[PDB]
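Visitor: Sequence and experimental coordinates follow.
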Amino acid sequence: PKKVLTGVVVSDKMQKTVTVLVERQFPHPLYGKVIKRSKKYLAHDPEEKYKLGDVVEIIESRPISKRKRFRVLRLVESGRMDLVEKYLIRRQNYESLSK
Amino acid sequence: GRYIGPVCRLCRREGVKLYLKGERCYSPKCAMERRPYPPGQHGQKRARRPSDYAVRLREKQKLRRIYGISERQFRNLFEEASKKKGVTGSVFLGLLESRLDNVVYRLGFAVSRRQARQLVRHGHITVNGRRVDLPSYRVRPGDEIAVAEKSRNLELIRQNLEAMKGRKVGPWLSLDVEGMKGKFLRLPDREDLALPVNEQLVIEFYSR
Amino acid sequence: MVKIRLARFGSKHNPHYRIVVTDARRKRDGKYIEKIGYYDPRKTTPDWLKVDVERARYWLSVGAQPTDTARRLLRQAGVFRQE
Amino acid sequence: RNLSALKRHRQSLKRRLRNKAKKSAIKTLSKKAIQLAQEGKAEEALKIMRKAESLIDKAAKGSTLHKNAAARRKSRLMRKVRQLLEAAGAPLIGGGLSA
RNA sequence: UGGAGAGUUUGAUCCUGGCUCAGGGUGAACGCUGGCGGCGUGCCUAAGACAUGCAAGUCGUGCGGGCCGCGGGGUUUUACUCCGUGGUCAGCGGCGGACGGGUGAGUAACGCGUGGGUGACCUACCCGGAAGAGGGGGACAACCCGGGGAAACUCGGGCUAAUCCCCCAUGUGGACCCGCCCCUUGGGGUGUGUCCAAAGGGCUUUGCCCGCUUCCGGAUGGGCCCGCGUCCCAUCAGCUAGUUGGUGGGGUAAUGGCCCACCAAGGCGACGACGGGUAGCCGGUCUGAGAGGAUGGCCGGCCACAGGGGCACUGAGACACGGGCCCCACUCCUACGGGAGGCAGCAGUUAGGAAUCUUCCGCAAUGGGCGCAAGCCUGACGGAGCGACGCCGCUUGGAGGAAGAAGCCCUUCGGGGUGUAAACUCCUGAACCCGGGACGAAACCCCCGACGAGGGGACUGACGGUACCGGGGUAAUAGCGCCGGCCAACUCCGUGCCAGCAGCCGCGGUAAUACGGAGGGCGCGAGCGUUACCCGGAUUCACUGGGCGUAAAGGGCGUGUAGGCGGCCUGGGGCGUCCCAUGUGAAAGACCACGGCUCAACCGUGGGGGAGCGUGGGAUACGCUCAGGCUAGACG
Ligand SMILES: [K+]
Ligand SMILES: [K+]
Ligand SMILES: [K+]
Ligand SMILES: [K+]
Ligand SMILES: [K+]
Ligand SMILES: [K+]
Ligand SMILES: [K+]
Ligand SMILES: [K+]
Ligand SMILES: [K+]
Ligand SMILES: [K+]
Ligand SMILES: [K+]
Ligand SMILES: [K+]
Ligand SMILES: [Mg+2]
Ligand SMILES: [Mg+2]
Ligand SMILES: [Mg+2]
Ligand SMILES: [Mg+2]
Ligand SMILES: [Mg+2]
Ligand SMILES: [Mg+2]
Ligand SMILES: [Mg+2]
Ligand SMILES: [Mg+2]
Ligand SMILES: [Mg+2]
Ligand SMILES: [Mg+2]
Ligand SMILES: [Mg+2]
Ligand SMILES: [Mg+2]
Ligand SMILES: [Mg+2]
Ligand SMILES: [Mg+2]
Ligand SMILES: [Mg+2]
Ligand SMILES: [Mg+2]
Ligand SMILES: [Mg+2]
Ligand SMILES: [Mg+2]
Ligand SMILES: [Mg+2]
Ligand SMILES: [Mg+2]
Ligand SMILES: [Mg+2]
Ligand SMILES: [Mg+2]
Ligand SMILES: [Mg+2]
Ligand SMILES: [Mg+2]
Ligand SMILES: [Mg+2]
Ligand SMILES: [Mg+2]
Ligand SMILES: [Mg+2]
Ligand SMILES: [Mg+2]
Ligand SMILES: [Mg+2]
Ligand SMILES: [Mg+2]
Ligand SMILES: [Mg+2]
Ligand SMILES: [Mg+2]
Ligand SMILES: [Mg+2]
Ligand SMILES: [Mg+2]
Ligand SMILES: [Mg+2]
Ligand SMILES: [Mg+2]
Ligand SMILES: [Mg+2]
Ligand SMILES: [Mg+2]
Ligand SMILES: [Mg+2]
Ligand SMILES: [Mg+2]
Ligand SMILES: [Mg+2]
Ligand SMILES: [Mg+2]
Ligand SMILES: [Mg+2]
Ligand SMILES: [Mg+2]
Ligand SMILES: [Mg+2]
Ligand SMILES: [Mg+2]
Ligand SMILES: [Mg+2]
Ligand SMILES: [Mg+2]
Ligand SMILES: [Mg+2]
Ligand SMILES: [Mg+2]
Ligand SMILES: [Mg+2]
Ligand SMILES: [Mg+2]
Ligand SMILES: [Mg+2]
Ligand SMILES: [Mg+2]
Ligand SMILES: [Mg+2]
Ligand SMILES: [Mg+2]
Ligand SMILES: [Mg+2]
Ligand SMILES: [Mg+2]
Ligand SMILES: [Mg+2]
Ligand SMILES: [Mg+2]
Ligand SMILES: [Mg+2]
Ligand SMILES: [Mg+2]
Ligand SMILES: [Mg+2]
Ligand SMILES: [Mg+2]
Ligand SMILES: [Mg+2]
Ligand SMILES: [Mg+2]
Ligand SMILES: [Mg+2]
Ligand SMILES: [Mg+2]
Ligand SMILES: [Mg+2]
Ligand SMILES: [Mg+2]
Ligand SMILES: [Mg+2]
Ligand SMILES: [Mg+2]
Ligand SMILES: [Mg+2]
Ligand SMILES: [Mg+2]
Ligand SMILES: [Mg+2]
Ligand SMILES: [Mg+2]
Ligand SMILES: [Mg+2]
Ligand SMILES: [Mg+2]
Ligand SMILES: [Mg+2]
Ligand SMILES: [Mg+2]
Ligand SMILES: [Mg+2]
Ligand SMILES: [Mg+2]
Ligand SMILES: [Mg+2]
Ligand SMILES: [Mg+2]
Ligand SMILES: [Mg+2]
Ligand SMILES: [Mg+2]
Ligand SMILES: [Mg+2]
Ligand SMILES: [Mg+2]
Ligand SMILES: [Mg+2]
Ligand SMILES: [Mg+2]
Ligand SMILES: [Mg+2]
Ligand SMILES: [Mg+2]
Ligand SMILES: [Mg+2]
Ligand SMILES: [Mg+2]
Ligand SMILES: [Mg+2]
Ligand SMILES: [Mg+2]
Ligand SMILES: [Mg+2]
Ligand SMILES: [Mg+2]
Ligand SMILES: [Mg+2]
Ligand SMILES: [Mg+2]
Ligand SMILES: [Mg+2]
Ligand SMILES: [Mg+2]
Ligand SMILES: [Mg+2]
Ligand SMILES: [Mg+2]
Ligand SMILES: [Mg+2]
Ligand SMILES: [Mg+2]
Ligand SMILES: [Mg+2]
Ligand SMILES: [Mg+2]
Ligand SMILES: [Mg+2]
Ligand SMILES: [Mg+2]
Ligand SMILES: [Mg+2]
Ligand SMILES: [Mg+2]
Ligand SMILES: [Mg+2]
Ligand SMILES: [Mg+2]
Ligand SMILES: [Zn+2]
């Protein structure tokens, strides 16, 4: 079974490509707390069909390019910019801690 | 090693009359019938209250020197018993009693366990017909411990088995004196042994 | 090719063989595909040779090649008997 | 003071010269055909593409241009020729290309 | 079936807290000592440098020759030449040299582990299935001739064979462009067009055997891709130019920014990018009640490397340890022009080091390569050798033997101790001495049958005259540490804060159970100690399982970002959570049982396991999410 994840499109600034952020909950291996991790996957959008905020399913695919190994299966739900804003604020905080 | 050397000094040091020479530990010559104090220059001096480690070590040394088994084989047998399911102490005693030399002693073929060890090592004892010369051999229930047909003419065996006429054997052993053989019927229970040892003290000694 | 041969598993002066299906390019004691029997050359126990006949027939059907000793041991177990 | 496995080396050299030749032909012919397809000379283009495909398969007979890779070269050649003649038209000789 | 604590801060106490000890372990080393055997194990350092021998070849059933020799022919003789045959040598040709063997350098990475993907792939030999092999042509070695070089070797000319190379044909079929259909990433089918096949040899000789060609499938082996897991430093906070993406190409068996053109400006990062350091990873192993900590030697799996660096050729497969090329360092030859070489294969040498082995035997067994086979090769392997390095088994005697020799040590001078210990008495018989003497070895092969099934026959043992069996047969190595407390074991003398001891507390300055010796005792025993390292105790990095008023520890205070956490009620989803079924979890190891070496160590057979992850189905209390509602929190 080819892995099928579900995430949020947070970057449509590339050509025929979208950055889908995928979260996952799991108990900590030693401390048992259900912790939440995440990972960004570069998925293939050959029709520019999906835009920012779209929650979409992603499927393991034949490699399209270096770092691009997934295709957008279908659209789970339309643009919800709240998770996108959360990710953008997380990124924007990085400029405040340099020196 | 076998600790080879003086033995009735252990009859003295352990405070309990041991039977390491067979006879002469029953005769008024054991040096325990006449000198119950431990050996050495400081044997007759007033003893101090021994530590708990002292008590457990003395009890374990008593039980180990009764059989004449080295520390290596002793600890190995104890760990083997602790691995098994059941009471560690009674199983350990059943293991120690299952040694071929100890069975030869218990069957009255030899007067002492060390004499039995020499009888085994020199191939004078057979197990189920086949000759066995290993004191550490473990006898299973049902094994026939016999005397070699070529050794049944020896003077010492004649003496020992001529004295065994009329003597009873352990509840877990059978003896045929005419055929000079016997059978290990079962493992001995704790109630079958009259050893002056507290097994729980040895278990606690190795528990450290 | 895939072969049916013996592997040595006993100790020194105590040889014990596993009749085994493995790639010929692998070491004789290495990762085999399946153990299809065992063989004791010194005949220490009354059961000193056992072979899974159906499995040996399968591996011969798919294209395995046994050694001369392996083929002898299989023939003793009636792998090729068609009476 | 060495062993006669040097013989193998010798053989490789021969085979090397055998291979470089065939490929050097194939490549050459391919280019030639493509030229005629760019200039519209369809008859000669297909007539040379036939010989190119033949040399490709003959090289595939041995260890020179084995595997498919030969089918890959044939595919790319036929595709490029048919595409370049479509920029002009009139597939005159009707050679390797299907109707 | 599983969990022990103790010493030490004080005049005494309770606490906090560190240090230390008792335990187990090792690829160990060192000291003293040292008898036998079995099974294991043995460069952890310089991935430093290597003399020498061996370690990878094999096919005359693919092909033609050279040299040496014999036999038989054409001839009256000679010359010349033909056929058969033996030995030897390479050559051309095929297969193997990519396995096996070594090592841990480098690598923090799809390297490994684990579970998946390949509609994006390959696989020589092997197995099954379908079909085919017609005709013609050519070249290079060997060899003959000549040249260059000190050598390695090299150049030119000429003759020739083939399972060498090429052309045409046959098209079972396959390949490709295009179209259609099914299917859904490049899977499968179909039509026209085009393109592509082959090699012969051996006989028991017109019939089989070893092969050859095209195609489909199996099997095995592998390539690539993805989820999750994988050390330390944030006294490394920003990294990135093939960088991220696209289009079109090149390339490969195959995807890919792998590479290249052009276009877009992206990609990564406190959920730790980048940098630095360290390190093969795992099955496992050691320890631990467990959780966990530590580790990755032997054996098995995967990786990487072959003096350092780079690169392609050949091939089914290599970026090739014992193949090739170039640069660098090194060593050797050198006619100074130029060449040769690569133990981290076995053994051995040397250097370093506290420290790690034989320049051994064998092709008998198992396994591998070539061959129809015979057979050849195999420092893989099977064995032996050396080393108490480890584990296990065993010996240095057994029984009798004085109110108790001597010597030696204490002493109230009565005596006490070494101690049944000894000498002695009787008994067995380690060593050794003889004789017998293996299993491991029945296949390949040959004969019958049908080169099948089946039956029968014969050859072959390195270990080794070893194991084992029988007879004979001598009382015949014991050592090391400790004795103030923790911690089992006490006296005498000498010494006088001296000489020394010491793991921690501590002992010695005149009468030391602590130094040194003696007697005695305790503990282990062919060992005993020491040092080093790991876990343990240590609940002393506290998930299980700790703390912060005064013992180490609440930030000087606030505002607030991310993050963590979230009152009551109803419903949808089923992400966490839970359940069932199923796949996976190699073997070895671990556990249990039985069995084989007389036992054991060692080994064999069988049994049981197991988290995690994949898939299918189910549950909805809680956590999550979405939709709605409430007012007890909060705000107004
Ligand atoms: K846990
Ligand atoms: K930035
Ligand atoms: K105290
Ligand atoms: K020439
Ligand atoms: K056709
Ligand atoms: K090679
Ligand atoms: K036969
Ligand atoms: K005898
Ligand atoms: K005798
Ligand atoms: K002095
Ligand atoms: K002293
Ligand atoms: K403060
Ligand atoms: Mg999400
Ligand atoms: Mg876009
Ligand atoms: Mg692309
Ligand atoms: Mg028990
Ligand atoms: Mg237990
Ligand atoms: Mg392999
Ligand atoms: Mg049988
Ligand atoms: Mg069959
Ligand atoms: Mg060669
Ligand atoms: Mg060759
Ligand atoms: Mg050209
Ligand atoms: Mg190639
Ligand atoms: Mg229970
Ligand atoms: Mg319970
Ligand atoms: Mg303390
Ligand atoms: Mg104080
Ligand atoms: Mg004090
Ligand atoms: Mg005070
Ligand atoms: Mg220790
Ligand atoms: Mg220790
Ligand atoms: Mg010595
Ligand atoms: Mg040995
Ligand atoms: Mg060895
Ligand atoms: Mg090394
Ligand atoms: Mg190490
Ligand atoms: Mg042939
Ligand atoms: Mg002649
Ligand atoms: Mg004539
Ligand atoms: Mg003449
Ligand atoms: Mg010849
Ligand atoms: Mg030859
Ligand atoms: Mg040559
Ligand atoms: Mg290898
Ligand atoms: Mg690094
Ligand atoms: Mg890093
Ligand atoms: Mg993976
Ligand atoms: Mg990773
Ligand atoms: Mg995997
Ligand atoms: Mg082939
Ligand atoms: Mg076939
Ligand atoms: Mg010809
Ligand atoms: Mg010709
Ligand atoms: Mg010719
Ligand atoms: Mg000539
Ligand atoms: Mg020429
Ligand atoms: Mg056709
Ligand atoms: Mg043709
Ligand atoms: Mg050919
Ligand atoms: Mg031909
Ligand atoms: Mg014929
Ligand atoms: Mg790149
Ligand atoms: Mg591209
Ligand atoms: Mg492409
Ligand atoms: Mg290739
Ligand atoms: Mg980056
Ligand atoms: Mg993350
Ligand atoms: Mg390293
Ligand atoms: Mg345990
Ligand atoms: Mg553990
Ligand atoms: Mg690790
Ligand atoms: Mg390793
Ligand atoms: Mg390994
Ligand atoms: Mg080197
Ligand atoms: Mg190099
Ligand atoms: Mg290199
Ligand atoms: Mg090949
Ligand atoms: Mg390599
Ligand atoms: Mg190379
Ligand atoms: Mg070499
Ligand atoms: Mg060279
Ligand atoms: Mg030195
Ligand atoms: Mg060795
Ligand atoms: Mg030899
Ligand atoms: Mg062999
Ligand atoms: Mg063989
Ligand atoms: Mg070996
Ligand atoms: Mg021992
Ligand atoms: Mg005596
Ligand atoms: Mg005698
Ligand atoms: Mg036999
Ligand atoms: Mg043979
Ligand atoms: Mg015949
Ligand atoms: Mg037969
Ligand atoms: Mg012999
Ligand atoms: Mg004898
Ligand atoms: Mg004490
Ligand atoms: Mg001392
Ligand atoms: Mg220490
Ligand atoms: Mg004095
Ligand atoms: Mg004094
Ligand atoms: Mg003293
Ligand atoms: Mg002494
Ligand atoms: Mg030691
Ligand atoms: Mg410690
Ligand atoms: Mg802990
Ligand atoms: Mg604990
Ligand atoms: Mg600490
Ligand atoms: Mg806690
Ligand atoms: Mg605390
Ligand atoms: Mg405050
Ligand atoms: Mg938040
Ligand atoms: Mg918040
Ligand atoms: Mg709630
Ligand atoms: Mg929340
Ligand atoms: Mg609900
Ligand atoms: Mg669920
Ligand atoms: Mg297992
Ligand atoms: Mg364990
Ligand atoms: Mg047994
Ligand atoms: Mg299970
Ligand atoms: Mg499910
Ligand atoms: Mg429901
Ligand atoms: Mg609400
Ligand atoms: Mg208010
Ligand atoms: Zn006594």
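Guide: Cool, the structure landed. Numbers count the residues shown, from 1 in each chain, chains lettered A, B, ... in the order given. Ligands and ions are numbered 1, 2, ... in the order given.
Visitor: Okay, the closest residue to ligand 127 within chain A and residue A:23: tell me how far apart.
Guide: Ranked by Cβ to the ion, the top residue of chain A for proximity to ligand 127 is residue A:30, at 61.2 Å. Quick note: C-beta positions are derived from backbone N, CA and C, even for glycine. Using Cβ to Cβ, to the nearest Å, residue A:30 is found at 21 Å from residue A:23.
Visitor: For the residue of chain C found nearest ligand 18, which three-state class applies?
Guide: Taking Cβ to the ion, ligand 18 has its nearest neighbour within chain C at residue C:25, 4.4 Å off. For residue C:25, the assignment made with DSSP: H, G, I helix; E, B strand; the rest coil gives coil.
Visitor: quick one: contacts for residue 51?
Guide: Defaulting to chain A. A:9, A:12, A:79 (Cβ atoms under 8 Å, 6 or more residues apart in numbering or on different chains).
Visitor: The intended chain is chain C.
Guide: Residues in contact with residue C:51 (Cβ under 8 Å, 6+ apart) are C:19, C:36-37, C:73-74, C:77, C:79.
Visitor: ok, of those, which one's closest to ligand 16?
Guide: residue C:37 (38.5 Å).
Visitor: what about the closest one, neighbour count?
Guide: For residue C:37, the neighbour count with other Cβ atoms under 10 Å in any protein chain shown is 22.
Visitor: secondary structure element for it?
Guide: strand C:34-39 (DSSP states H and E).
Visitor: Do a quick rundown of the strands in chain C.
Guide: C:2-8, C:17-23, C:34-39, C:49-51, C:65-66 (DSSP state E).
Visitor: what would those look like in a markdown table with distance to ligand 21?
Guide: What follows is the strands of chain C, written out as a markdown table (distance: least, Cβ to the ion, whole Å):
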| stretch | distance to ligand 21 |
| --- | --- |
| strand C:2-8 | 26 |
| strand C:17-23 | 25 |
| strand C:34-39 | 37 |
| strand C:49-51 | 41 |
| strand C:65-66 | 26 |
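Visitor: Ok, which of those strands comes nearest residue A:72?
Guide: Across the strands of chain C, residue A:72 has its closest neighbour in strand C:17-23 (42.2 Å, Cβ to Cβ).
Visitor: ok now that closest one, how far from the chain's centre?
Guide: Taking Cα atoms, centre = their mean, to the nearest Å, one finds the center of strand C:17-23 at 5 Å from the center of the full chain.
Visitor: Touching it from outside, list them.
Guide: C:1-10, C:30-41, C:51, C:59, C:64, C:70, C:73-74.
Visitor: Can that strand be said to contact RNA strand E?
Guide: Yes - counting by Cβ under 7 Å from any atom of the strand, RNA strand E is contacted by strand C:17-23 at C:17-18, C:23.
Visitor: Restricting to the contacts of strand C:17-23, which residues neighbour RNA strand E?
Guide: Among the contacts of strand C:17-23, the ones lying near RNA strand E by Cβ under 7 Å from any atom of the strand are C:1-3, C:5-10, C:30-31, C:33, C:38, C:40-41, C:64, C:70.
Visitor: out of the residues you listed, which are buried?
Guide: By neighbour count, with 16 or more other Cβ atoms under 10 Å in any protein chain shown, those hold C:3, C:5-7, C:38, C:40, C:64, C:70 as buried.
Visitor: closest to residue D:47 among the residues of strand C:17-23 next to RNA strand E?
Guide: The closest of the residues of strand C:17-23 next to RNA strand E, once distances to residue D:47 are taken by Cβ to Cβ, is residue C:23, at 50.0 Å.
Visitor: Count the residues that sit near that closest one.
Guide: 12.
Visitor: Repeat that for residue B:134.
Guide: Neighbour number of residue B:134 under other Cβ under 10 Å is 13.
Visitor: Am I right that it sits in a helix?
Guide: No - checked against three-state DSSP, residue B:134 lies outside a helix; its state is coil.
Visitor: which non-adjacent residue is nearest the residue nearest the centre of chain B?
Guide: By Cα atoms, centre = their mean, chain B has its centre lying nearest to residue B:67, at 3.5 Å. Using Cβ to Cβ, 6 or more residues apart in numbering or on different chains and skipping residues adjacent in sequence, the residue nearest residue B:67 is residue B:96, 5.6 Å away.
Visitor: From ligand 21, how far out is that neighbour?
Guide: For residue B:96, the distance to ligand 21 equals 69 Å [Cβ to the ion, to the nearest Å].
Visitor: cool, and residue A:54?
Guide: 65 Å.
Visitor: picking that back up, tell me the contacts of the residue of chain C closest to ligand 18?
Guide: Counted by Cβ under 8 Å, 6+ apart, residue C:25 has zero contacts.
Visitor: where does whatever residue of chain D ends up closest to ligand 13 land in three-state SS?
Guide: Closest residue of chain D to ligand 13, Cβ to the ion: residue D:72 (41.3 Å). Put simply, residue D:72 is helix when judged by three-state DSSP.
Visitor: how far away is it from residue D:64?
Guide: Counting by Cβ to Cβ - residue D:72 and residue D:64 are separated by 14 Å.
Visitor: who's more crowded, the two?
Guide: Between residue D:72 and residue D:64, counted using other Cβ under 10 Å, the more crowded position is residue D:64 (17 against 11).
Visitor: before we move on, the earlier item: distance to ligand 127 for the contacts of residue C:51 - can I get that in a markdown table?
Guide: Shown next, in a markdown table, are the contacts of residue C:51 (distance: Cβ to the ion, whole Å):
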| residue | distance to ligand 127 |
| --- | --- |
| C:19 | 61 |
| C:36 | 64 |
| C:37 | 60 |
| C:73 | 62 |
| C:74 | 67 |
| C:77 | 64 |
| C:79 | 69 |
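Visitor: Let me know the closest of the residues you listed to ligand 13.
Guide: When the contacts of residue C:51 are compared against ligand 13 (criterion: Cβ to the ion), the nearest one is residue C:36, at 50.7 Å.
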